[PDB]
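Single chain ahead, written as C-alpha cells, the form deposited in one PDB entry.
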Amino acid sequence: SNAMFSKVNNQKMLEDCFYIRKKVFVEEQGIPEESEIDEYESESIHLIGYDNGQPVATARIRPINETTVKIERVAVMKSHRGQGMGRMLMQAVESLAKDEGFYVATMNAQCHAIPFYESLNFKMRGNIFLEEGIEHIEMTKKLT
C-alpha cells in the first residue's frame, strides 16, 4: 500500500521530519527558521519516509475540526525529487487521514505544485495569496 511511509510515533522520527522541513522550507525556500516549527506539532499527525536510513520525505496532518484536516509541510528532499516519492507521500497522507477518522482535506498549496496536486484530484478554491513571498492557493479534496 504505502510501505515507505510511517506514522511518526516517537521524538526521533519527529526530529527527522523537522530536519527535512528545515532543509526544504528554510534553507531552500527561505521561510524564516523561527517560523518553521509552530505550536501545532503536538496536535498534528506526522508522516515520514526514509531512504537508506535517511529522512527524505514528510508531511503533517493538522485536524481543524472533527471532519477536516489541513495538509501541511509537504516536502521531499531535493535529492529524491522527480522519482514518484511526492506522489507516494501524498497517497500515504490521504490514507492516514482517512484511517485517523477524517473526511475532508484542505491545503494552502504553493502554486508551483498545482498540477501535481490536481493529478491527486485536489481542486483549487478561492484566489491566490502570498505567504513568506511564495504564491499559494487553497486546494481541497474529500478523503477516500
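If you superpose the two forms and keep the largest set of C-alpha atoms that fall within 1.5 Å, you have the rigid core. Note that residue numbering follows the sequence shown and begins at 1.
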Margin query: Highest mean C-alpha temperature factor of the two stretches 66-74 and 31-39, which is it?
Written below: 31-39
Note to self: Comparing average C-alpha B factors as deposited, tell me which of 134-142 and 3-11 sits higher.
What the structure shows: 3-11
Notebook entry, point to check: What third of its chain's C-alpha B-factors does residue 46 belong to: lowest, middle or highest?
Noted result: middle
Checklist line | residue 103 by Cα B-factor - lowest, middle or highest third of the modelled chain | finding: lowest
Check: How does residue 54 rank on Cα B-factor within its chain, lowest, middle or highest third?
Finding: highest
Note to self: Using only modelled residues of the chain, where does the Cα B factor of residue 95 rank: lowest third, middle third or highest third?
What the structure shows: middle
Check: Which third of the chain holds residue 60 when residues are ordered by C-alpha B factor: lowest, middle or highest?
Finding: lowest
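Only in words, not in the display: the form deposited in another entry, which the text now covers.
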Check: Aligning on the rigid core, do we see the C-alpha of residue 10 shift 2 angstroms or more between the shown form and the other one?
Finding: no
Notebook entry, point to check: Does residue 111 move its CA by 2 angstroms or more between the shown form and the other one when the core is aligned?
Noted result: yes
Next item on the list: Tell me, please, whether between the shown form and the other one the C-alpha of residue 29 is shifted by 2 Å or more, with the rigid core used for superposition.
Entry: yes
